[PDB]
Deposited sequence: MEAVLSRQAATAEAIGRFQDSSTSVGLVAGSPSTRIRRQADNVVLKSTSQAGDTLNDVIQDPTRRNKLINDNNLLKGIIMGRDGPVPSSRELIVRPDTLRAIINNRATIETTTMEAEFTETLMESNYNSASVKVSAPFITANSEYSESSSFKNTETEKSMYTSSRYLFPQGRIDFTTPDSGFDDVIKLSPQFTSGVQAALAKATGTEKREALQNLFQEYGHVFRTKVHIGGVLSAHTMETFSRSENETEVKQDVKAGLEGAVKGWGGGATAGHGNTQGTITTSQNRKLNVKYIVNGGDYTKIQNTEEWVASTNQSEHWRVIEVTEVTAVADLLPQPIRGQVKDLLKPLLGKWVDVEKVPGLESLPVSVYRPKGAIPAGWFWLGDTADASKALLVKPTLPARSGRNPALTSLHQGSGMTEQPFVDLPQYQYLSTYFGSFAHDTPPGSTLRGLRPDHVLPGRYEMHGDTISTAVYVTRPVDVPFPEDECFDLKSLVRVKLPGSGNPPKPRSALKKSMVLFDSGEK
């Protein structure tokens, strides 16, 4: 029983085995627990009893989240952890996750939970026993903010989060779990609702058949499933908790999930960013210093030889200050945003920006130098990385951008352009800049790069 475990020193076994005192490092190797304790060891754990077995499913369209899906993070935990795994991922041109003009990808994870309960860590500035950060971490923050220069403070803070972790798990389900994980690539011509429901039912069916003893028993393995609509899927099967030596006989493994010794984290229900646990004044100072870009609003000038276009095309009217960069052609006649990276370049660290090169095809459009980086606008001219204004044009690390929305302008497809705006959902969780990024509807020639449809996140840019 959950209440029984929380009473003596066996609650310390539950805390220690599950790394409940440690922040989670979001890196290229997936979610990794810190070797250092983030919080002070509590006298008691806040537990909600729930022994009801259920099948839960998570559908995820965000790239770089596969290791979080496989660690049974729910959508709310993936959301908070997503900028950190994205920023620290190993980018590749050969990824199977495809987001093209004709195709899209998604991850689907189903989990047959055999729980005992939920453990809650009360965050500071919330009603309740509350989280107390370890003095070792607090001293690290103080030592980081005490550095002579802005660059030194940011480098020490970066080192501090790489050691302590990016997020802390504030709500976790404890018990045993049998989970199935998949990825699917489908045509944009398909009904998204039909594809999602078909993959979810097929995955739920596989975990349902595995759990409760109906299919041939197995442990951690790879398998293939066929949905009702004939989609063939590569499935990864994962076991967490219970006695793994008993996994061959499903019902014997299920019974072993009632043993306090074999209880493990079975779902990450809620996660909090480590910087958000910091007290009120320091919190804002740390968060400002963590922003990868500096921002500046500057004057614009109209691009000549664009009389054919339905709208006026703009670029910063510089005199672009040394070390500053621009992000693409705009329909904003008033101002342009310039950006400057706050962190020095280091081997193993993904920079906030990437330079661009003209494509080897018949095209004159830029291509990102660093794989999987994104840019905001089509280039209205002939790009060259060695000549202005292309020499100071930059692409962005994928954690910096979210999908935008097009507003089409033009009386002919050949002259037609899209003006990128932030999505107009009434209750956004994240806010983006309205930069009025210009995208060509029909680009001339072949070998042209995928058309951008992105908006820059406001949380990534520090002003003044």
{"query": "Deposited positions lacking CA coordinates", "finding": "1 to 54, 183, 520 to 523"}
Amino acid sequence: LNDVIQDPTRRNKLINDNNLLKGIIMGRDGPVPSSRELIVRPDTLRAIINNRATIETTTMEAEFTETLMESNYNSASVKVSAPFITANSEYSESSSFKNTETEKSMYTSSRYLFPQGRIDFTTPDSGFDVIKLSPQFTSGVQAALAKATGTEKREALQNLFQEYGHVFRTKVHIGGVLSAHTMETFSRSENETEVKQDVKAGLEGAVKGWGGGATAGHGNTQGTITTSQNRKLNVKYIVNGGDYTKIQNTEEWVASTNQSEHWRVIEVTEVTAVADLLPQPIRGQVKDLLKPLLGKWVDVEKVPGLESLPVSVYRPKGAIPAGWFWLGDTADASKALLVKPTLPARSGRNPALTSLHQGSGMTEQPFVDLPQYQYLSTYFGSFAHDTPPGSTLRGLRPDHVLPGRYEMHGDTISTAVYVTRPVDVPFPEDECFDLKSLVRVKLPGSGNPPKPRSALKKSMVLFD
From here on, numbers count along this sequence of modelled residues.
item: 75 to 83 set against 352 to 360, stretch whose average Cα temperature factor tops the other in the entry; value: 352 to 360
item: Mean Cα B-factor comparison, 290 to 298 or 202 to 210, giving the higher one as deposited; value: 202 to 210
item: From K196, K104, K132, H166, residue of greatest CA B-factor; value: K132
item: Per the PDB entry, maximal CA B factor within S260, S109, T269, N88; value: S260
item: Third of the chain, ranked by Cα B-factor, where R10 sits; value: highest
item: Ranked C-alpha temperature factor of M69 among modelled chain residues, by third; value: lowest
item: Third of the chain, ranked by Cα B-factor, where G323 sits; value: middle
item: Chain-wide C-alpha B factor ranking for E192, given as lowest, middle or highest third; value: lowest
item: Third assignment of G23 from its chain's C-alpha B-factors; value: lowest
